[PDB]
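Protein chains: 2
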Amino acid sequence: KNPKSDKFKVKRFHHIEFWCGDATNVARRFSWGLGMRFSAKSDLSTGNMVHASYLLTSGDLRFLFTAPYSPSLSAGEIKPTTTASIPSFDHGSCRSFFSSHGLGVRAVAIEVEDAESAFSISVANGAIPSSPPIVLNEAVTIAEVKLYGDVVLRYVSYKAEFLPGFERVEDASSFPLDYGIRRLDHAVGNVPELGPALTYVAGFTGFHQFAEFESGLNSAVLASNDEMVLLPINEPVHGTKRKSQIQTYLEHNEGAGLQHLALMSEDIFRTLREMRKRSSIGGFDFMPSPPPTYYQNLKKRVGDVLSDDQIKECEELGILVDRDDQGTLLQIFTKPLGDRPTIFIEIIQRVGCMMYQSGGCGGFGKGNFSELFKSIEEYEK
Amino acid sequence: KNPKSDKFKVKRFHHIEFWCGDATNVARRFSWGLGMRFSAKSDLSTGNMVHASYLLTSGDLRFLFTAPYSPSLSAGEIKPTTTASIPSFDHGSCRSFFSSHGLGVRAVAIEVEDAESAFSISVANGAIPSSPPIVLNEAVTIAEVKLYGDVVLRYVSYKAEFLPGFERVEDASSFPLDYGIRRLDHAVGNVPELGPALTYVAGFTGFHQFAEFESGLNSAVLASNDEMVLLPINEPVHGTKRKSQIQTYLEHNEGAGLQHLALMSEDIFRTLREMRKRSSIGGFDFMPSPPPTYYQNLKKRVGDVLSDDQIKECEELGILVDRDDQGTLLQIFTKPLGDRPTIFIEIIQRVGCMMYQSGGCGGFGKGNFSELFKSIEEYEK
Ligand SMILES: [C]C1=[C]C([C])=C2[C](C3=[C][C]=C(O[C]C4=[C]N([C][C]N5C(=O)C6=C([C]=[C]C(C(=O)[C]7C(=O)[C][C][C]=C7[O])=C6[C])N([C])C5=O)N=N4)[C]=[C]3)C3=C([C])[C]=C([C])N3[B](F)(F)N12
Ligand SMILES: [C]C1=[C]C([C])=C2[C](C3=[C][C]=C(O[C]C4=[C]N([C][C]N5C(=O)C6=C([C]=[C]C(C(=O)[C]7C(=O)[C][C][C]=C7[O])=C6[C])N([C])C5=O)N=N4)[C]=[C]3)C3=C([C])[C]=C([C])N3[B](F)(F)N12
Ligand SMILES: [Co+2]
Ligand SMILES: [Co+2]
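Protein chains in written order, with PDB author numbering: chain A, 35 to 194, 201 to 253, 262 to 403, 411 to 436; chain A', 35 to 194, 201 to 253, 262 to 403, 411 to 436. A prime marks a further copy of an entry chain.
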């Protein structure tokens, strides 16, 4: 049941911003590993004396990578005279974030009808302000409120090409990589306490709980009116013999933060073939594949949705499959994106729920916890 | 003239250590961009709760990438009980270095006969101590003294496989990339004042000035007994209409530091073909190529050393050529390795001076400054 209670008009996920120590090296690694093109830049070459920011795109997916320059380059500037293209940026905030958390997501950005109104309504409804609305070149309005930990929910609204002050990059420097990723499906946070996190975020957005159906976690999913902006949140479950990966996350991250980004592929088999080709030559590694037992049990579950060929393809790529009462979900998880066992990526493809495809079709793979335990003891039989 | 005045026995360059915010992403970028294999690791998976360190190798070239974990992971440890594999590592030092300089070289490591003696003799002769000698697993001794800025000269000595506590990496995770790079030829520092820098380093090493033959710099080269460890140092020249790139370096780096690493290739044409193939897909970019004028003038200079084919190959790859009275130097420069206009890489190949090849054969490309200015005004003719 969807009460459609959004307190302001939300459109879609707009971009994700990583705070880095060196934006160049992270962006180049991610571009090769995920098949994303260099699309826009804001840095010294565009007059930005404050931060280096590079945008990667694949389909509608936008990854922004930002790092601070020496504060000395901009020490004569004041906020009215800043050369930063993202005026919410702060040298001290960024260094504090990165020294505390390592490489991770600073901003989950969603497009809204009116960022100034979204900010005002959010703060009026309990949101903790992070950066007030600012109009960029009379063209774009950006505002930020706290989401969890040091992650912000960033509102972006356009009167009418990423942000003012960003330049499109030279097509020679812009190689058209594409492994099939097309958009951000959902963004997942880890918190110490799920209840208060849910109460806070649902409180200021009006996002509603999304319909679901011990593995170390409890979780719930907050969703916008059309359920296209999806924000799952996890908490740890303690004293389980096998230590909760949520707890491990919280310790290595120094607290709450973004756990993973799920990226929708238009063809998950092509995406995984292309990413796995590059795992050992600069790209991303994947979690260990489930045993052949798991795939020997997939016929009895989704044999009506995937052929015997497409299930064999799942086995060679290590893809997981789960199923709602409305659709089917193909998913796989990368190993952590950086030094710490914190942030990772999920690749997904959803099958079903056509009207366009409705949001969250197939769920989020909850059933794959117990099926993994089943396949583990069935493999040792 | 070589007085062979080394105050202790120096062997060869051993490794270069980068201090990073995220060692994983920098190492993966560098591996793909330069064709270096993942060789050894020291990180959480090997019991290191202090820093993540990944070693890349190509031939005898060793690049180490290190970043700190949360200090909270090791807060119960003391130096006698540390899990760091490089006991000179300090969380505060590393964060201070990276916040001050961005991505850059922390350690220039050379192998010596006896690291404890090299440290003692160096400090007795004016070297500023950075980390005292420590014996690792009764097997390797490591000690550090200040070189310039926050760069240290690291002494490594073996009684008898990188360092104790480092594990060889899984061959599956270890793809045998190789673009032909084989060793570190020299490592170049930028300082505000060349004289006092030279007096200091030559003072504690006994390194001698290496034989040479306004572009914004003055420079000199310090060399070990057999001139295989080579350490050029630059200072800016001020008031030149065109601002000194050394000065620009010092401003963006927040002072003195390592400017570039020159990596010897066994086949610079293959290396540049392979690196340029990857420039736009995660690798490294190269400085703008010299005009065809420069190459039209190369016949009259090195037409006795390179064929008309090999000179055409230089033109398509943008390779520069210079010549001593003893040998010939092929060289090219990358764009900066990270966000800041600070550190970059040079690829080189030396032709001549065979006895083995003697160090510094062909010089360091000083003549390529004036020849570049000549080719610029000759191209506009
Ligand atoms: C620590 C640990 C966890 C598990 C499962 C094991 C187990 C093992 C089994 C398979 C394996 O490789 C495959 C793999 C391992 N992961 C990593 C863990 N994970 C997930 O994070 C996961 C997930 C399903 C959905 C999602 C989401 O999207 C979420 C949510 O959940 C909340 C709601 C909203 C969202 O959006 C997420 C994050 N599912 C199935 C999962 O398994 N992902 N794929 C690696 C290890 C094991 C055996 C047999 C023996 C040992 C010693 N271990 B062992 F202790 F290492 N171990
Ligand atoms: C700032 C600036 C510098 C120069 C040369 C120019 C000029 C231009 C010409 C070519 C170009 O692309 C090619 C390129 C540009 N670099 C970057 C600068 N560099 C070097 O750092 C360089 C070097 C030779 C040897 C070495 C070493 O190893 C050293 C030492 O030196 C000290 C002793 C020991 C070592 O070991 C080093 C670092 N050589 C020839 C050099 O040129 N490297 N390759 C890019 C720009 C220009 C024109 C025609 C018009 C404009 C507006 N400009 B413009 F102002 F952008 N401009
Ligand atoms: Co998910
Ligand atoms: Co050089």
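C-beta: ideal position from N, C-alpha, C; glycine also.
According to DSSP, residues forming a beta bridge with residue i
i                            : result
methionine 70 of chain A'    : Looking at the DSSP assignment, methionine 70 of chain A' forms no beta bridge with any residue, so it has no partner.
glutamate 233 of chain A'    : Partner(s): none; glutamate 233 of chain A' has no beta bridge.
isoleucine 393 of chain A'   : A'/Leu309
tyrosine 189 of chain A'     : A'/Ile144 and A'/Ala177
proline 163 of chain A       : A/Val179
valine 60 of chain A         : Beta-bridge pairing links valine 60 of chain A to no other residue.
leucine 89 of chain A        : A/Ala74 and A/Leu98
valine 399 of chain A        : A/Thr376
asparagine 266 of chain A    : A/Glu283
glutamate 207 of chain A     : A/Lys75
residue 406 of chain A'      : Since the numbering of chain A' jumps from 403 to 411, residue 406 of chain A' cannot be located in this structure.
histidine 48 of chain A      : DSSP, once it has assigned bridges, lists no residue as partnering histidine 48 of chain A.
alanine 152 of chain A'      : Paired residue(s): none; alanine 152 of chain A' is not in a bridge.
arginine 223 of chain A      : A/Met312
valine 157 of chain A'       : Partner(s): none; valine 157 of chain A' has no beta bridge.
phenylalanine 419 of chain A : Its beta-bridge partners do not exist; DSSP assigns none.
residue 254 of chain A       : Missing here is residue 254 of chain A: after 253, the next number in chain A is 262.
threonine 382 of chain A     : A/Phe334
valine 228 of chain A        : A/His308
Of the listed residues the options, nearest to residue i (C-alpha basis)
i                             : options                                       : result
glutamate 322 of chain A      : A/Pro114, A/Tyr342, A/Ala212 and A/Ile221     : A/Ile221
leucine 278 of chain A'       : A'/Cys416, A'/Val369, A'/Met402 and A'/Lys289 : A'/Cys416
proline 102 of chain A'       : A'/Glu150, A'/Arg63, A'/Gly400 and A'/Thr117  : A'/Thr117
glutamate 435 of chain A'     : A'/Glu275, A'/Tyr342 and A'/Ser65             : A'/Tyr342
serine 127 of chain A         : A/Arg140, A/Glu299 and A/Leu217               : A/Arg140
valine 369 of chain A         : A/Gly331, A/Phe250 and A/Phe419               : A/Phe419
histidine 48 of chain A'      : A'/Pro37, A'/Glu299 and A'/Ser92              : A'/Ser92
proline 163 of chain A'       : A'/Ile144, A'/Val146, A'/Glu145 and A'/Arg188 : A'/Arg188
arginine 46 of chain A        : A/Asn345, A/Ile329 and A/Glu275               : A/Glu275
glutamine 379 of chain A      : A/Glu394, A/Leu107 and A/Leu238               : A/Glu394
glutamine 374 of chain A'     : A'/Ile359, A'/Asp357, A'/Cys401 and A'/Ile367 : A'/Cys401
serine 130 of chain A'        : A/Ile396, A/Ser104, A/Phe247 and A/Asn266     : A/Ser104
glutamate 150 of chain A'     : A'/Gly330, A'/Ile294, A'/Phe244 and A'/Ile176 : A'/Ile176
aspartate 40 of chain A'      : A'/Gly331, A'/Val146 and A'/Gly351            : A'/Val146
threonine 376 of chain A'     : A'/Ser263, A'/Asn273, A'/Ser213 and A'/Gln397 : A'/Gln397
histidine 85 of chain A'      : A/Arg388, A/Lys421, A/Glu252 and A/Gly414     : A/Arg388
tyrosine 297 of chain A       : A/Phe215, A/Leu238, A/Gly67 and A/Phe392      : A/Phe392
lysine 421 of chain A         : A/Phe253, A/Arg326 and A/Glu314               : A/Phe253
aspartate 124 of chain A'     : A'/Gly414, A'/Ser165 and A'/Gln293            : A'/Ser165
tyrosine 219 of chain A       : A/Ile431, A/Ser413, A/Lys43 and A/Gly331      : A/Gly331
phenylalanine 317 of chain A' : A'/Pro121, A'/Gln358, A'/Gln412 and A'/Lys348 : A'/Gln358
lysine 43 of chain A          : A/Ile120, A/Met83, A/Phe99 and A/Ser191       : A/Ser191
Subject >> the segment 41 to 57 of chain A' in contact with the segment 170 to 181 of chain A' per 3-pair CB rule at 8 angstroms >> reply: Touching, no.
Original post:
Three or more beta-carbon pairs under 8 angstroms between the segment 207 to 225 of chain A' and the segment 308 to 325 of chain A', yes or no?
Top reply: Verdict: yes, contact present.
Original post:
Considering only residues of the segment 272 to 331 of chain A', which uninterrupted beta strand (DSSP E) runs meet the minimum length of 3 residues and lie entirely inside it, listed in chain order?
Top reply: 278 to 284 and 305 to 313
Subject >> Contact the segment 205 to 216 of chain A' vs the segment 180 to 187 of chain A': 3+ CB pairs below 8 angstroms >> reply: Contact fails: fewer than three Cβ-Cβ distances are below 8 angstroms.
**OP:** State whether the segment 266 to 280 of chain A contacts the segment 228 to 241 of chain A, with contact taken as three or more CB pairs (one from each stretch) at a distance under 8 angstroms.
**Re:** yes
Subject >> the segment 124 to 138 of chain A' in contact with the segment 294 to 305 of chain A' per 3-pair CB rule at 8 angstroms >> reply: Three or more beta-carbon pairs separated by less than 8 angstroms link the segment 124 to 138 of chain A' to the segment 294 to 305 of chain A', which places the two stretches in contact.
**OP:** Say whether the segment 356 to 374 of chain A touches the segment 79 to 97 of chain A', bearing in mind that this needs 3 or more beta-carbon pairs closer than 8 angstroms, one atom from each stretch.
**Re:** no
Subject >> At least three beta-carbon pairs within less than 8 angstroms, the segment 337 to 350 of chain A' to the segment 419 to 427 of chain A' >> reply: With the rule of 3 Cβ pairs closer than 8 angstroms, the segment 337 to 350 of chain A' counts as touching the segment 419 to 427 of chain A'.
Original post:
Are the segment 96 to 112 of chain A and the segment 153 to 161 of chain A in contact at 8 angstroms, needing three or more beta carbon pairs?
Top reply: Segments in contact, no.
Subject >> Touching by the beta-carbon criterion (3+ pairs, under 8 angstroms), the segment 56 to 64 of chain A' and the segment 380 to 393 of chain A >> reply: yes
**OP:** Counting only runs of 4+ residues fully inside the segment 324 to 372 of chain A', write out the alpha helix (DSSP H) ranges in chain order.
**Re:** 340 to 344, 347 to 350 and 356 to 365
Original post:
What are the complete alpha helix (DSSP H) segments, minimum 4 residues, inside the segment 110 to 146 of chain A'?
Top reply: 125 to 135
**OP:** Would you check if there are 3 or more beta carbon pairs closer than 8 angstroms linking the segment 265 to 273 of chain A' to the segment 283 to 293 of chain A'?
**Re:** Output reads yes: the segment 283 to 293 of chain A' touches the segment 265 to 273 of chain A'.
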